[PDB]
Structure formats: C-alpha cells, structure tokens
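Reading through the structure tokens given below for one structure.
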Amino acid sequence: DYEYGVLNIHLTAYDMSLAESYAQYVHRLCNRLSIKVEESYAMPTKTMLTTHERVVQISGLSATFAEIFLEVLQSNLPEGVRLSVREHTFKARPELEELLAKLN
Amino acid sequence: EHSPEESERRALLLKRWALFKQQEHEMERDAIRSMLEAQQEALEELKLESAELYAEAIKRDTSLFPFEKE
Amino acid sequence: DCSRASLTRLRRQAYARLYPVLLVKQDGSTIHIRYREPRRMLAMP
Amino acid sequence: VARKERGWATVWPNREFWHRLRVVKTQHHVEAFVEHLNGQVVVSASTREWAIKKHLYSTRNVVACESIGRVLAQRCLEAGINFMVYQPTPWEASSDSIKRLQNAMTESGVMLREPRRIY
Amino acid sequence: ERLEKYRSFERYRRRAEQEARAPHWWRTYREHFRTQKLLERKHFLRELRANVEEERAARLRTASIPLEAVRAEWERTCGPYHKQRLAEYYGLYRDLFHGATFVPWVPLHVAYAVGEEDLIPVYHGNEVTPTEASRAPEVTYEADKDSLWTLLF
Amino acid sequence: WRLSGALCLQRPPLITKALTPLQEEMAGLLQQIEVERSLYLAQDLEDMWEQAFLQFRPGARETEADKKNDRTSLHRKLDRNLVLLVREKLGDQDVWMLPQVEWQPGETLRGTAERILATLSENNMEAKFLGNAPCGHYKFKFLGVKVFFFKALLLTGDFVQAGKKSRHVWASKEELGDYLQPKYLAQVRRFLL
RNA sequence: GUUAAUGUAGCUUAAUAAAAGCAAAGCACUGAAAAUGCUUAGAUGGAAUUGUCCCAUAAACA
C-alpha cells in the first residue's frame with residue numbers, strides 16, 4: 001500500500017491555444033476522475049520561431065487508477081502534441097493566524 | 001453581418017454538434033468505467049487462485065514514472 | 001479517440017487573423033496549425 | 001393591518017411579506033408558487049402539469065418561464081392575490097428568463113411588491 | 001473531505017430549504033408559528049417535438065401558449081385538488097362543515113351579468129362589488145341528464 | 001496442476017483516423033468565428049511549396065495501404081491499438097492463443113511477463129509494465145489448466161524476423177473474435193482497450 | 001434444465017395522488033477549474049405487499 005507522488009504534465013505544442021485546449025481537457029477529465037489539479041502554469045516561449053508549453057499539475061494516483069488514466073491520455077492526444085509526465089520536486093492572514101495556534 | 005437564416009443554419013448545426021458531443025462523452029465515460037471494473041475483476045480472479053502473489057503485486061511501482069510518449 | 005480534444009477554438013480576447021498551415025514532420029505525419037500569414041505548408045528540416 | 005414578520009435581520013431573504021413568489025428551476029420543468037407565511041401554498045403553476053405540457057415544446061426554456069408566469073398570473077388574479085413579494089438572487093434577478101417572467105406578471109396586473117403595513 | 005462541497009449558492013439554498021421542511025429534534029420556528037392516457041400523452045408529445053415550427057419559435061424565443069385551453073384541461077385533471085387548497089386556505093371547510101373536507105368535482109361556473117354586453121365571472125377568491133351582485137347570477141355546471149341538485153349560496 | 005502464464009501486449013496507434021464530416025464542419029464554424037474576432041507574391045511561392053509537399057510522399061496514416069495482409073508485421077494497424085497473438089500447439093489442444101510462457105510462484109508476474117515479451121517475439125521490442133496486477137485468468141480443461149493474461153504497452157518495436165514460421169498476428173479487435181472462439185479466449189476484449 | 005444473475009434513465013426503497021429528483025453533457029463568459037447565463041438526452045422489456053416470483057435473460061454447473 002503506497003500512494004503515488006504528484007506528477008507534473010508539461011504540454012508542449014506549437015500553438016498556445018491548442019496547448020491550452022488540451023490543458024483544459026486533461027483538467028476536466030482530471031476533475032471528472034476526481035484528480036486534483038493544483039496549478040496550470042505556463043512556460044516561456046521556446047525561442048530558436050517559438051512554441052508554447054502549458055503545465056497541468058496532477059496530484060494523487062493509484063496503481064489501477066494510473067494505468068487507466070495514462071492510456072486515456074494517449075487516446076486523448078490529438079497527435080502532433082507532445083505529452084510529458086514528471087514527478088514533482090505566500091500565505092494569507094487566516095493561514096498564518098491558524099499557524100500560530102499550532103506552534104504556540 | 002450574418003443574416004437570420006445564416007444564424008439559423010449555424011445554430012441548427014450547433015445543436016447537432018452539441019448532441020453529438022454529449023453522445024460521445026456518455027459512451028467514453030461508460031467505456032472507461034467498464035475497463036476499470038474489468039481490471040478490478042481481473043484483480044479478484046487471481047486472488048482466488050493465489051492471493052499471496054497480489055501482496056507483492058498490489059504495491060505500486062515507484063520507478064514506473066516518469067513516462068513520456070506522445 | 002484522438003479526435004476527442006482535437007477540435008478546439010482560440011481562447012484569446014484579441015488577435016490578428018490566423019491562417020491554417022500544415023507542418024510536415026520527418027516521419028510524414030501532418031498537423032493542422034495556425035499561422036499569421038496565409039502560408040500553405042511547412043516542412044521540418 | 002395584518003402583521004408581517006420584521007426580524008431575521010441576519011438572514012436572506014427578508015420575511016416581511018404577506019405572500020411570496022418562489023420560482024424553482026430544476027433540470028426538468030420549472031415551477032412557480034405562491035405561499036403564505038404559515039407555509040401553505042395557495043396558487044401553484046408548474047411545468048409538470050398535464051395541461052401546460054401539451055401546449056409547450058420543452059419543460060425548461062426562456063419562453064417556458066414566460067408562459068408559466070402568464071398562467072400563474074391568471075390563477076393569481078383568479079385567487080384575488082394582487083400584491084406579492086418576490087426575492088430574486090443577484091444572478092437570478094439578472095437572468096433574462098426571470099426578467100421576462102416578471103414582465104408577464106407586471107403586464108398581467110400582479111404587483112411584485114407588497115404595500116407597506118398600516119400601523 | 002470525502003463529501004463534495006457546494007460549488008454554487010443555489011445548491012446550498014435548495015438543500016437548506018428542503019432541510020427546513022423536515023422536522024427536527026431541536027425546537028424550530030415552524031413549531032411555534034390511465035396507462036392508455038400515458039401512451040396517448042407520450043404520442044402527442046412526440047408529434048409536438050417533431051414539429052419544426054415549434055423548435056424554430058422556441059429557439060427564436062417567440063413561442064406562446066393558449067391560456068384558455070390550459071385552464072379547461074387543468075379543470076379536468078387537477079382543478080379539484082387546487083380548488084381544495086383554496087377552500088382550506090380560505091377556511092371554507094372549517095367554517096362550513098366543522099372541519100370536514102370535500103374535493104369539488106363538478107366544474108361549477110357562475111357569473112353576474114352586467115347589463116347584457118358582458119357578465120362578471122365568480123371564480124375562487126374573486127372580488128365582486130355588491131352593485132355587481134344586485135341580481136341573481138347565471139349558473140351552468142354541466143350536470144348531465146338526471147341527478148337532481150341543490151344550489152346553496 | 002498446469003501452471004501457465006500469458007501476456008496481452010498493447011501497441012499504441014501512431015496516427016489518428018480522419019475526422020467525421022460533423023467534425024469537419026465544426027472546424028469551419030470555429031474558423032469563421034475566428035475571422036469574426038480577427039484583427040484585420042509570397043502566396044505563389046507557398047503554392048509552389050504546397051505542391052512540393054504533395055509530390056513528396058508522407059507516411060500514410062495507416063500503413064496497411066501497401067500491405068493489406070501483413071499481420072505478421074508489427075505495424076499491422078496505425079489507427080488503433082494492436083495485441084500480440086501467436087498460434088500455439090498444446091499437448092491436448094491446438095488453438096490460436098495469446099502469447100504464453102511457463103511461470104513459477106517464485107517468479108513474479110512481471111518477471112514472467114518480461115520473459116513473454118522477448119521469449120515468443122525474439123526481437124528488440126520495447127514494452128513497459130505499469131502495474132503488477134494481471135488483467136485476465138482463464139481455465140480450460142480436457143486435467144486442470146489455467147492461463148494468466150497480463151497487460152503491457154509497446155514503447156517501440158524493432159520487429160526482427162518479420163516472416164517467422166510462427167503465425168504471430170497483431171490484432172486490435174477484429175481478429176480477436178475471429179481467431180479466439182471460446183470465451184476463455186474470446187473474453188480478452190473485456191480488459192482490452 | 002441444476003445452480004444462478006434480472007425487467008424506473010448513471011443513482012433512488014421517486015410515484016401511484018402525478019412517470020419525479022439528483023447525477024451527467026454542450027456553447028458563451030477568458031487566467032485554468034468553479035460559478036453564472038443560454039441549451040441537450042433519456043425510463044418503467046414486468047407482475048407482485050411492504051417501508052418473491054415470473055419473464056427478458058446472464059452465466060458457473062449444463
């Protein structure tokens with residue numbers, strides 16, 4: 001019994017809109033599957049012309065759940081869009097106020 | 001500027017497109033569910049034959065990822 | 001299916017007209033992409 | 001001269017109404033009610049009613065709201081309830097369908113705002 | 001954490017109002033203060049769905065409904081029950097029969113004739129001035145042959 | 001008891017199928033709205049370049065157009081996934097079977113699964129295992145027997161000896177029912193994509 | 001046939017006074033998601049009384 005790490009997905013595509021369109025789709029599929037997405041960060045342009053890369057963070061997987069997820073990603077891929085899966089490495093007043101009580 | 005008939009044609013095909021996607025999503029959602037149940041059914045089957053093998057198998061593979069393929 | 005997310009539209013509030021062009025890969029596959037000028041084809045070197 | 005509840009200052013909506021209009025949009029159908037403070041419904045117009053269904057095309061629609069509102073108003077006039085209280089939410093108030101429904105009631109003669117109590 | 005969280009205000013409101021109706025242990029404000037018809041019904045619906053003109057008006061948001069047709073159909077189907085609510089709401093069943101309740105079934109119709117051009121109807125809860133009620137009203141209630149009656153006002 | 005293991009290999013489809021006409025028309029609709037939202041001879045050269053692409057042959061979306069019969073070849077399908085499927089002869093049976101190999105309790109399913117990958121294909125194929133959980137188990141009797149069906153994905157494949165004397169066939173779904181009649185072998189579709 | 005699944009629409013022990021609610025899907029709105037607005041598809045393949053048969057028909061036995 002072990003729990004998967006949070007694995008980032010860098011979606012690199014020629015067109016920002018296509019990368020965004022695929023980025024949203026995995027997120028909605030992730031949301032439907034109950035996959036939490038913490039961030040949807042964007043990488044800078046790949047200056048040489050340029051290409052646009054978008055992050056969809058995925059946190060939490062299971063052995064059976066991971067297998068069923070990834071092949072679906074292969075199917076979902078429009079083709080010509082380059083997938084990637086990688087293991088991942090300010091606070092407001094309510095968070096700080098609660099944090100004081102725990103250590104006080 | 002589009003004429004009302006032009007909008008009517010585009011809206012009519014839009015209705016068909018929305019219906020088609022709803023049909024597509026429903027079929028795919030059930031397909032994924034069925035596959036997982038079959039995998040869960042596959043999990044059960046060998047458990048009857050030998051549960052001890054699963055003790056090692058049910059553990060996730062830490063080294064499986066990262067996996068990249070487009 | 002790969003067509004599940006293939007059909008997509010721009011998420012930009014402002015943008016010049018984008019023209020369709022196809023990028024030829026070295027394995028022969030083709031991809032529909034949006035380019036600023038009315039080019040017809042692109043080739044990967 | 002009858003009493004209207006004046007408290008519930010910390011809660012929304014206010015309860016200073018002799019009668020209230022409740023419009024509920026479910027997946028199927030759309031219902032409009034008139035209920036007294038005691039909790040008894042007096043006049044009810046629903047899209048789940050046989051007579052309205054046969055003369056409409058879809059259970060949920062913008063026109064549906066309009067049509068059910070017109071049907072509700074005639075029953076409201078029939079029942080003699082001329083003054084009523086409606087408490088829409090900000091988005092619901094801005095919703096075009098609800099705006100049209102209110103227009104039907106105003107045209108029908110049902111006043112969506114009750115008069116002040118006499119002390 | 002297992003349960004989902006309301007993503008919209010309306011979901012909580014609908015849950016809350018339904019929650020309020022249910023009785024509870026703690027004190028609360030409320031305490032102190034046939035088949036053939038189905039098949040025929042379905043068939044008519046399908047015909048209405050098929051009609052392209054119905055779709056076009058709906059998508060053009062210009063459609064409308066005939067109130068009179070609905071009213072007569074409403075009388076046949078559930079008008080008795082709604083009429084019962086008004087009678088209970090107005091206190092008729094408690095002041096008349098000492099709490100006994102009877103569902104009205106005969107679609108009784110009464111109207112006070114004003115001159116000859118038009119006649120004021122008398123629905124449930126309607127407002128009629130005494131001047132309008134000076135003379136006796138016309139009554140048509142669709143008895144059918146036989147079945148003697150008594151009318152009491 | 002007869003201990004037997006097997007592997008249900010998966011090869012991803014390289015190239016997509018063509019879009020449906022409803023999908024095509026929607027592409028026009030997203031384009032026409034794009035023109036509406038848009039913000040305001042090199043064309044001859046581009047026309048010269050486009051025909052240069054047309055004359056130059058690209059790899060077909062499906063590599064069957066030339067083949068039409070190369071089941072033994074790894075690239076049987078490009079639009080859909082493939083499953084390794086090899087004719088086998090048993091002591092009391094001669095049936096078209098999913099790749100099988102002999103397994104021991106000491107050896108884990110992946111270890112046998114890894115051996116299945118190269119034992120019956122004898123090639124430099126690249127395949128990966130995601131979970132040690134198996135996907136199918138079927139028992140056929142004449143003497144008790146059981147076959148363990150695993151699942152794997154082909155990362156890449158350099159299928160040497162394309163013309164083997166064996167009848168290895170890559171099937172997606174059409175040949176699964178045609179070649180595997182009994183449910184014990186025709187139910188492989190349940191855990192197949 | 002032995003065993004044994006199975007007949008409101010994903011779900012409900014919603015409903016026989018009126019075939020329901022929820023879940024679920026598309027488009028628009030630009031950080032994503034959500035929300036909001038406008039739109040979408042459906043049922044009893046059944047008799048049984050409470051608050052199982054018997055069929056459609058699924059199989060291990062056969």
DSSP beta bridges in the protein assembly as shown: the antiparallel percent, rounded to 5, is 75
At 37 °C and 0.692 mPa s, the Stokes-Einstein diffusion coefficient in µm²/s for chain A, with hydrodynamic radius from the Kirkwood sum on alpha carbon pairs, is 212
Expressed in Å to one decimal, the Kirkwood Rh of segment A:1-52 from all distinct alpha-carbon pairs is 12.5
Counting only DSSP loop positions in chain C, the trypsin sites (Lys or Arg not before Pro) whose Cβ has at most 16 other Cβ atoms within 10 Å are C:9, C:11, C:12, C:17, C:25, C:36
Tell me the label-point distance for the pair residue E:5, residue E:52, using the 7 Å Cα-to-Cβ offset, in nm and rounded to one decimal. 5.0
Starting with the fewest neighbours, write out F:94, E:144 ranked by other beta-carbon atoms found within 10 Å of each beta-carbon. E:144, F:94
Given the -39500 (n - 2.57) contribution per DSSP H run of 4+ residues, what per-residue ellipticity at 222 nm results for the protein assembly as shown, rounded to the nearest 500 deg cm²/dmol? -12000 deg cm²/dmol
Per-residue mean of other chain beta-carbon atoms within 10 angstrom of the beta-carbon, peptide D:42-51? 5
By count of other Cβ within 10 Å, fewest leading, how are A:88, A:10 ordered? A:88, A:10
Modelling each spin label as a point 7 Å along the Cα-to-Cβ direction, I'd like the residue F:57/residue F:29 distance in nm, to one decimal. 3.9
Taking the beta-carbon count within 10 Å as an exposure proxy, list D:18, D:8 from fewest neighbours to most. D:8, D:18
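None of the figures in this text is laboratory data; all of them are computed from the coordinates on show. Cβ sites come from the backbone with ideal geometry, for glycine too, and all protein chains shown count toward neighbours.
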